[PDB]
Amino acid sequence: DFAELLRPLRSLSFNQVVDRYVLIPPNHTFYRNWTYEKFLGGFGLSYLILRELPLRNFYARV
Amino acid sequence: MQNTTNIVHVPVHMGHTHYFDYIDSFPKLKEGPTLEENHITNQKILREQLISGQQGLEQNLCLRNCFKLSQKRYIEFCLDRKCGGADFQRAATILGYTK
Amino acid sequence: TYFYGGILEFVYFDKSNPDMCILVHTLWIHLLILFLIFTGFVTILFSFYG
Amino acid sequence: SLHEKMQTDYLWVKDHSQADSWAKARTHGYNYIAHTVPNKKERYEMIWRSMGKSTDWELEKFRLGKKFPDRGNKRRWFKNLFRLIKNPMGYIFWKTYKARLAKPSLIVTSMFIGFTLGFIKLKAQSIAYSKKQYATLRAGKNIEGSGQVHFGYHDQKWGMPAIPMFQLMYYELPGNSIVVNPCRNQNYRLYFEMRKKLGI
Amino acid sequence: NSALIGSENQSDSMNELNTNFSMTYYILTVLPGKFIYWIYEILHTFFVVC
Ligand SMILES: CCCCCCCCCCCCCCCCCC(=O)OC[C@H](COP(=O)([O-])OCC(O)COP(=O)([O-])OC[C@@H](COC(=O)CCCCCCCCCCCCCCCCC)OC(=O)CCCCCCCCCCCCCCCCC)OC(=O)CCCCCCCCCCCCCCCCC
Ligand SMILES: CCCCCCCCCCCCCCCCCC(=O)OC[C@H](COP(=O)([O-])OCC(O)COP(=O)([O-])OC[C@@H](COC(=O)CCCCCCCCCCCCCCCCC)OC(=O)CCCCCCCCCCCCCCCCC)OC(=O)CCCCCCCCCCCCCCCCC
Ligand SMILES: CCCCCCCCCCCCCCCCCC(=O)OC[C@H](COP(=O)([O-])OCC(O)COP(=O)([O-])OC[C@@H](COC(=O)CCCCCCCCCCCCCCCCC)OC(=O)CCCCCCCCCCCCCCCCC)OC(=O)CCCCCCCCCCCCCCCCC
Ligand SMILES: CCCCCCCCCCCCCCCCCC(=O)OC[C@H](COP(=O)([O-])OCC(O)COP(=O)([O-])OC[C@@H](COC(=O)CCCCCCCCCCCCCCCCC)OC(=O)CCCCCCCCCCCCCCCCC)OC(=O)CCCCCCCCCCCCCCCCC
Ligand SMILES: CCCCCCCCCCCCCCCCCC(=O)OC[C@H](COP(=O)([O-])OCC(O)COP(=O)([O-])OC[C@@H](COC(=O)CCCCCCCCCCCCCCCCC)OC(=O)CCCCCCCCCCCCCCCCC)OC(=O)CCCCCCCCCCCCCCCCC
Ligand SMILES: CCCCCCCC/C=C/CCCCCCCC(=O)OC[C@H](COP(=O)(O)OCCN)OC(=O)CCCCCCC/C=C/CCCCCCCC
C-alpha cells in the first residue's frame, strides 16, 4: 500500500512530475469557495422545501 | 509602567485643545517642492536617461546582478561566466562601489 | 537569519488555519433578521390598522 | 363559507389534548389560583362551591378521594415557545396589545430605543475589545484580570457618552476607511511594458 | 460559550478547533440524553429522601 501511493510517480520522470504536480499554471479566476456556498447554502434551500411538509399536526413539524 | 508610553527621538508639539490630544506641528518643519514640481524634476531625469542612457546598458545590468550574490566566490564566477570575464575590482569601479 | 534576521525565538506553531468563509447566503440571513427587526419597529409604532 | 374550515385550520393551531375528557380529573380551580385580583375571595368561594357540589356537600368524600393536578396546563411553556418561534412578531404583538393601548410620548419611546441601542453598541465594542485582548495574548502578553477599566496606573477610555455633545466631536474608527495605498496600482506599469516587449 | 449571547470569553475555546467523538445531531441525541439522566437523578433523589 505504501508502494501504491507512488504508482503515478513511477511512470513519470522528475521533470514530468514537477510540471504535473508542482508547476500548476497560475489561474486565480476560479470560484473556489463555491464548494462551501453550495453545501452551507443548501441548508437554506432545504428549509424552503422542508417548511412545506404536508404533516397534519403542527407539533409533528415542530 | 504606563501602557501608552512612547520614547520619541524627534521634537513634537502637542496641541493644547480641550477634549483632544494630538501632534499639531513639528518644530522647524520645512516644506519642500510640491508633488507636481517633483514630478517635473523627475521627468527631466527620466527623459535624459531614456534618450542618452540606454547604450551599453546590458553589460552594466549584468555586472549589477552579479554583485547581488551572497558570496564573493559566486560573484567572480558570475563575472567570468556571464559578463565576459570581467574583473572584480574593475567592475566595482564602474558600478561606483569603490572608495 | 545571521545577516538579515532577528533573534531565534521559540513559539508554538498552530497547525489549525482558521479562515472566515466569504459566503453569499449569510448576508441573506442577516437581511432577513434585520427585516424582522425593522418590521417589528413598524408593527409596534407605525401600524394603524385596528 | 366554502373555504372557512380549511383556512381557519391553516391559520391557527388548536389544542390536541383531551385532558378534560376524563370527568373526575377536572380541576375545581385550586391548582392555579389568582392571589391579588380584587375578586380573589369570590374565586375561592366558587372553588369551594365546585368541591361541595361534587360531593353533595360531604367533603369527607373529597378527603378520601384522590386529588389530581391540572392536566390541561401540561407542556404549556413548550407550546408558547413553539408559537414564539413560529411567528415571533405575531406572538409579541398580541401578547403586548393590552400594554400598548397606553402609548408613552415620543420622548419616552425615543429614550427606550436610544438607551437600548446604545447599550447594544457598547456591548459590540466590548466584544471587539475581547478580540484585541486575544490577539494580545497570542502575541505573547499574558493577561491578568480582564476588561479595560485599569485598576493601576494607566489611562482609561470609557466610551463615547451617547449625548450630542460628544457625538459631534468624536466618531468611531471606521475600519473600511483603512486602505491599501494606491501606489500599488503603479506596479501595473511593469505589466504594460512587459506586454510590449513580448510583442503582445 | 455556544450557549452564551455575545460572549467575550475569547480564550475559552471560542477561537479553537473543537471537535468531538460523540453522536452527531447533538441537540437531538446527546443533549436530551444528558437531560434524561438528570430527570432520573432528581426523581431517584425525591423517592429516596422522601
Ligand atoms: C416523474 C415522476 C417521478 C418519477 C421518478 C421517481 C423516482 C425519483 C428518484 C430519482 C430521480 C431523482 C433525481 C435526482 C437524482 C438524485 C439521486 C439521489 O440518490 O439523491 C439522493 C438524495 C441525496 O443524497 P445525500 O447524499 O444523502 O444528501 C442528503 C444529505 O442529507 C445531505 O446532507 P449533508 O450534510 O451532506 O449536506 C448538507 C445539504 C443540506 O441537506 C439537508 O440539510 C437536508 C437534510 C434532510 C432533513 C434532515 C432530517 C433528516 C431526515 C432523515 C429521514 C429522511 C429519510 C428519507 C428517505 C427518502 C429516500 C429517498 O446541503 C448540500 O449538500 C447541498 C444542497 C444544495 C445543492 C443543490 C441541491 C439541488 C437539488 C435539486 C434542485 C431541483 C429540484 C426542484 C426543487 C424541489 C421541487 C420544488 O437524497 C434525497 O432523497 C434528498 C431528499 C431531499 C428532498 C427532495 C424533495 C424533492 C424531490 C424532487 C422530486 C422531483 C421534483 C418534484 C416533481 C413533482 C411531481 C412528481
Ligand atoms: C442501564 C442502561 C440504561 C440506563 C438508563 C438510565 C436513565 C433512565 C431512563 C429513564 C429516566 C426517567 C424515568 C422515567 C420517568 C417517567 C416520568 C413520567 O411519567 O413522565 C413525567 C414527565 C411529565 O411531563 P408532562 O406532564 O407531559 O409535562 C410537563 C409539565 O406539564 C410541565 O410542562 P411546562 O410546559 O410547564 O414546562 C416546564 C417543564 C420544562 O420546561 C423547561 O423549562 C425545561 C426546558 C428544557 C429545554 C431547554 C433546555 C435548555 C438548553 C437547550 C435550549 C433550548 C433552545 C430552544 C429555543 C431556541 C433558542 C430560542 O418543567 C420540567 O422540567 C418537566 C420535566 C419533568 C418533571 C421532572 C422534574 C423536573 C425537575 C428537574 C428540572 C431539571 C431537568 C429539566 C429537563 C427538561 C427536559 C424536558 O414526562 C417526562 O419526563 C418524559 C421523559 C421520558 C422520556 C423517555 C425517553 C427514553 C428514555 C431512554 C433515553 C436514553 C437516554 C440515555 C442517557 C445516557 C446517559 C447520559
Ligand atoms: C424593571 C424592574 C426591575 C427588574 C426586576 C423584574 C421585575 C418583574 C417584572 C418584569 C416584567 C415586566 C417588565 C416591565 C415591562 C413594563 C411594564 C408594563 O408592561 O406596563 C405596561 C406599559 C404601559 O405603561 P403604563 O404605565 O400603563 O402607561 C404609560 C403611559 O403611556 C404614560 O405613562 P406616564 O405619563 O405616567 O409616564 C411615561 C412613561 C414613564 O416614563 C418611563 O418609563 C421612563 C422610561 C425612560 C427610558 C428608560 C430606558 C430603560 C433602560 C434600558 C436601556 C438598557 C438597560 C441597560 C442600560 C441602562 C442601565 C440602567 O411611561 C412608561 O413608559 C411606563 C413604564 C414605566 C416602568 C417601566 C420602566 C422600565 C425601565 C427600566 C428601569 C431600569 C432597568 C435597568 C436595566 C437592568 C438590566 C440589568 O407598557 C408600555 O408600553 C411601557 C413599556 C415601554 C414601551 C415604550 C415603547 C417601546 C416601543 C419599542 C418599539 C421598537 C421595538 C421593535 C420591535 C423589536 C423587534 C421585534
Ligand atoms: C405651518 C405650520 C408648521 C408646519 C406644520 C406641518 C407639520 C406636519 C406634522 C405632521 C406630523 C408628522 C407625521 C408623521 C409622524 C408620525 C410618527 C411620529 O413620530 O409621531 C410621534 C408620536 C406622537 O408623539 P406625541 O406623544 O403625541 O407628542 C406629539 C407632539 O410632541 C406634541 O406633544 P407635546 O405638546 O406634549 O410636545 C411638547 C413639545 C414642546 O416643545 C416646545 O415647547 C418647544 C420646542 C423647542 C425645541 C428646541 C430645539 C432645540 C434645538 C437644539 C439642537 C441642538 C443639536 C443640533 C445638532 C444638529 C447639528 C449641529 O415638546 C416635545 O415633546 C416635542 C416632541 C419632539 C419634537 C421633535 C421635533 C421638534 C422640531 C419640529 C420641527 C417642525 C417645525 C415646524 C415649525 C413650527 C413653528 C411653530 O409618538 C410616537 O412616538 C409614536 C411613533 C414612534 C416614533 C418613534 C421614532 C420616531 C422616529 C420616526 C418618526 C417618523 C419619521 C420622522 C418624522 C418626524 C419625526 C421627528
Ligand atoms: C419503485 C421504487 C421507487 C423508490 C425507490 C427507492 C425507495 C427508497 C429507498 C431509500 C434508499 C436509502 C435512502 C438514502 C437517502 C438518505 C438521505 C437522507 O437524508 O438521509 C439522512 C439520514 C441521516 O443520516 P446522515 O445525516 O447522513 O448522518 C450520517 C450518520 O447517520 C451519522 O451517524 P450518527 O451516529 O452520528 O447519527 C446519529 C443517528 C441517530 O440514531 C439513529 O439512527 C436514529 C434511529 C432511531 C429511529 C429508528 C426507528 C425509525 C422507524 C420508526 C417507525 C417504524 C414504523 C413501523 C414499526 C414496525 C414495528 C415492528 O442519526 C441521526 O442523528 C438521525 C437524525 C435525523 C433524522 C431524525 C428525524 C427523522 C424524522 C422523523 C419523523 C418523520 C416523519 C415522517 C414524515 C414523512 C415525510 C418526511 O439518514 C437516515 O436516517 C437513513 C434513513 C433510511 C430510512 C429509514 C427508514 C424510515 C422508515 C420510516 C417508517 C415510516 C414511514 C413508512 C413509509 C413506507 C413507504 C413504503
Ligand atoms: C433570467 C436570467 C436572470 C439572471 C439574473 C439577473 C441579474 C444579472 C446580473 C449578473 C451580472 C453578472 C456579473 C458577473 C457575475 C459573476 C458570476 C460568477 O462569478 O460565477 C462564478 C462561478 C463560475 O465558476 P468558475 O468556473 O470557477 O469561475 C470562472 C470565472 N470565469 O459560478 C458559479 O459558481 C456557479 C453558481 C452560479 C450562481 C448559482 C446558480 C444557481 C442559481 C439557482 C437557480 C437555478 C435554477 C435551476 C437550476 C437547475 C438545478 C437542477
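Chain letters run A, B, ... following the sequence lines, proteins first, then strands; residues in each count from 1. As the structure lists them, so they are numbered: ligands from 1, and atoms in each ligand from 1.
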Asks: Is there at least one protein heavy-atom neighbour under 4.0 Å from atom 42 (C) of ligand 2?
Replies: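 Neighbour list for atom 42 (C) of ligand 2 includes protein heavy atoms (cut-off 4.0 Å).
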Asks: With heavy-atom distances below 4.0 Å as the criterion, list the atoms of ligand 2 near E/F35.
Replies: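 Close to E/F35: 49 (C), 77 (C).
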Asks: Return a yes/no value: protein heavy atom under 4.0 Å from atom 45 (C) of ligand 2?
Replies: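 Yes, there is one.
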Asks: How close does the nearest protein non-hydrogen atom get to atom 85 (C) of ligand 4, and which residue and atom is it?
Replies: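 The protein heavy atom lying closest is C/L45 O, 4.1 Å.
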Asks: Any chance you could lay out the ring-ring contact (aromatic ring centres under 6.0 Å, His included) test for D/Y188 and D/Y191, step after step, and finish with the verdict?
Replies: CA-CA 5 Å; D/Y188 284 80; D/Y191 306 158; 5.2 Å; yes
Asks: Name the closest protein heavy atom to atom 77 (C) of ligand 1, giving the residue it belongs to and the distance to 0.1 Å.
Replies: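 Checking every protein heavy atom, the shortest distance to atom 77 (C) of ligand 1 gives A/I49 CD1, 4.7 Å.
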Asks: For atom 84 (C) of ligand 4, what is the nearest protein heavy atom, given as residue, atom name and distance?
Replies: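 Checked against all protein heavy atoms, atom 84 (C) of ligand 4 sits closest to D/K103 NZ, 3.2 Å.
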Asks: Report the nearest protein non-hydrogen atom to atom 50 (C) of ligand 1: residue, atom name, distance rounded to 0.1 Å.
Replies: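 Protein heavy atom with the smallest distance to atom 50 (C) of ligand 1: E/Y25 OH, 4.5 Å.
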Asks: Going by an N to O cut-off under 4.0 Å, is there a salt bridge joining E/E8 and D/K123?
Replies: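 The answer is yes: the pair qualifies as a salt bridge.
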Asks: Of the listed options (D/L168, D/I113, C/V42, D/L106), which comes nearest to atom 21 (C) of ligand 4 when hydrogens are ignored and any heavy atom counts?
Replies: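 Result: the heavy atom closest to atom 21 (C) of ligand 4 is in D/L106.
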Asks: Note the single closest protein heavy atom to atom 62 (C) of ligand 4, along with its residue, its atom name and the distance in Å.
Replies: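 For atom 62 (C) of ligand 4, the nearest protein heavy atom comes out as D/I107 CD1, 4.2 Å.
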Asks: Do NZ/NE/NH1/NH2 and the carboxylate oxygens of D/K61 and D/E58 come within less than 4.0 Å?
Replies: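 Yes, this pair counts.
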Asks: Atoms of ligand 4 less than 4.0 Å from D/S105 heavy atoms?
Replies: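 Here the atoms of ligand 4 in question are 26 (O).
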Asks: Among all protein heavy atoms, pick the one closest to atom 65 (C) of ligand 1 and tell me residue, atom and distance.
Replies: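 Ranked first by proximity to atom 65 (C) of ligand 1 is A/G42 CA, 3.5 Å.
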Asks: Do D/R100 and D/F93 form a cation-pi contact, if we require the NZ or CZ to be under 6.0 Å from the six-membered ring centre and within 45 degrees of the ring's axis?
Replies: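 Ring-cation test returns yes.
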Asks: Assess whether a salt bridge exists between D/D15 and D/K79, defined as any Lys/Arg side-chain N lying under 4.0 Å from an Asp/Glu carboxylate O.
Replies: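 Looking at D/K79 together with D/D15, the answer is yes, because their closest N to O distance falls below 4.0 Å.
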Asks: How far is atom 89 (C) of ligand 4 from its nearest protein heavy atom, and which residue and atom name does that atom have?
Replies: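 I find the closest protein heavy atom is C/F41 CZ, 4.1 Å.
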Asks: Look at atom 8 (C) of ligand 2 and find which of D/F78, D/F82, D/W77, E/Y40 reaches it with the closest heavy atom.
Replies: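 Answer by nearest heavy atom: E/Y40.
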Asks: So which heavy atom in the protein is nearest atom 61 (O) of ligand 1, and how far is it from that ligand atom?
Replies: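 Checked against all protein heavy atoms, atom 61 (O) of ligand 1 sits closest to A/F39 O, 3.2 Å.
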Asks: Would D/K24 count as a cation-pi partner of D/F68, with NZ or CZ less than 6.0 Å from the six-membered ring centre and within 45° of the ring normal?
Replies: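 Cation-pi check for D/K24 and D/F68: fails.
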Asks: Could you identify the single nearest non-hydrogen protein atom to atom 38 (C) of ligand 1 and state the distance to 0.1 Å?
Replies: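 Atom 38 (C) of ligand 1 sits closest to the protein heavy atom A/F43 CE2, 3.6 Å.
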Asks: Strictly inside 4.0 angstrom of atom 82 (C) of ligand 4, do you find any protein heavy atom?
Replies: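 Answer yes: something from the protein, a heavy atom, is under 4.0 Å.
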Asks: Starting from atom 47 (C) of ligand 1, which protein heavy atom do you reach first, and at what distance in Å?
Replies: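 Of every protein heavy atom, A/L50 CD2, 4.4 Å lies nearest to atom 47 (C) of ligand 1.
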Asks: Suppose we measure from atom 40 (C) of ligand 1 to each protein heavy atom; which comes out shortest, and what is that distance?
Replies: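 Here the nearest protein heavy atom works out to A/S46 OG, 3.6 Å.
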Asks: Is there a protein heavy atom at a distance of less than 4.0 Å from atom 100 (C) of ligand 2?
Replies: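 Yes.
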Asks: Between D/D70, E/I42, E/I39, E/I36, which one has a non-hydrogen atom sitting closest to atom 92 (C) of ligand 2?
Replies: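 Among D/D70, E/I42, E/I39, E/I36, the closest heavy atom to atom 92 (C) of ligand 2 belongs to E/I36.
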Asks: Looking at atom 19 (O) of ligand 2, would you say a protein heavy atom lies below 4.0 Å from it?
Replies: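 No, there is no protein heavy atom closer to it than 4.0 Å.
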Asks: Does ligand 2 come near enough to D/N73 that some N or O of the ligand is less than 3.5 Å from an N or O of the residue?
Replies: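 The answer is no, given that D/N73 and ligand 2 share no N or O pair closer than 3.5 Å.
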Asks: Can you confirm whether something in the protein, heavy atoms only, sits under 4.0 Å from atom 25 (P) of ligand 2?
Replies: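 Yes, there is one.
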Asks: Please check atom 67 (C) of ligand 2 for a protein heavy-atom neighbour under 4.0 Å.
Replies: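 Given the 4.0 Å cut-off, atom 67 (C) of ligand 2 does not count as touching protein heavy atoms.
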Asks: Hey, can you tell me if B/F20 and D/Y170 have their rings parallel, tilted or perpendicular (30° and 60° cut-offs)?
Replies: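 The rings of B/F20 and D/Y170 stand perpendicular, inter-plane angle above 60°.
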Asks: A side-chain contact here means heavy atoms from C-beta on lying under 4.5 Å apart; do C/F13 and C/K15 qualify?
Replies: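 They are in side-chain contact.
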Asks: How far is atom 91 (C) of ligand 4 from the closest protein heavy atom, and which atom is that?
Replies: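 Ranking protein heavy atoms by distance from atom 91 (C) of ligand 4, first comes C/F46 CZ, 4.9 Å.
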Asks: Can you confirm whether some protein heavy atom lies under 4.0 Å from atom 97 (C) of ligand 2, or whether none does?
Replies: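 At least one protein heavy atom is under 4.0 Å away.
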Asks: Taking NZ, NE, NH1 and NH2 as the nitrogens, is one of them in D/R138 or C/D14 under 4.0 Å from a carboxylate oxygen of the other?
Replies: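 Salt bridge present between D/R138 and C/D14.
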Asks: For D/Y30 and D/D70, which I'm curious about, is there any donor-acceptor pair between the side chains at under 3.5 Å?
Replies: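 On atom types as modelled, these side chains do not qualify, holding no pair under 3.5 Å.
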Asks: Check A/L53 against A/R61 and note the closest heavy-atom contact, atom names and distance.
Replies: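 The answer is O-CD, 3.9 Å.
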Asks: Number the atoms of ligand 2 from 1 as they appear, then name those within less than 4.0 Å of a heavy atom of D/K74, with their elements.
Replies: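 It comes down to these atoms of ligand 2: 25 (P), 26 (O), 31 (O).
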Asks: Numbering the atoms of ligand 1 from 1, which are under 4.0 Å from a heavy atom of A/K38?
Replies: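 Counting atoms of ligand 1 from 1, those under 4.0 Å from A/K38 are 64 (C), 65 (C), 66 (C), 67 (C).
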Asks: Report the nearest protein non-hydrogen atom to atom 69 (C) of ligand 1: residue, atom name, distance rounded to 0.1 Å.
Replies: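 Checked against all protein heavy atoms, atom 69 (C) of ligand 1 sits closest to A/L45 CD2, 4.8 Å.
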